[PDB]
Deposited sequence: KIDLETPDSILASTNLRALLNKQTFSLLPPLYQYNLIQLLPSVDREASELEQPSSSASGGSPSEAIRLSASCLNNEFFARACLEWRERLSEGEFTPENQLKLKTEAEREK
């Protein structure tokens, strides 16, 4: 819908650590919440195992905060453009 992979995305100018949190997660429908928890670390996914409520320290972390910050920085660096993704797939071909 809105740019999510190019250095010109508005996300590259957005505080992602404050965007993605417990309230924002609560804004999502239950099926979305389940499919999203299926992508969390196994301890937090296990903690959440019909609106799903996340651990108070599931997203408010030290590792998820750094994940958000580095994700924005990688987006700015252009790591997520489809050309770089295909280049990394060529590299993965070279590895295997």
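One segment of the deposited sequence has no coordinates for C-alpha: 50-63, numbered from the first residue.
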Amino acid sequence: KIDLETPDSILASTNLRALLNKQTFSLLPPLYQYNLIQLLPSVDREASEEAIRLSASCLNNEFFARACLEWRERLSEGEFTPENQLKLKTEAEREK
From here on, numbers count along this sequence of modelled residues.
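Taking only CA atoms, the mean B-factor in the PDB entry is higher for 31-39 than for the other of 63-71 and 31-39. The stretch with the higher mean CA B factor, choosing between 13-21 and 77-85, is 77-85. Sort the chain's modelled residues by C-alpha temperature factor and residue 56 lands in the middle third, per the entry.
Among all modelled residues in this chain, the alpha-carbon of residue 5 has a temperature factor (C-alpha) in the lowest third.
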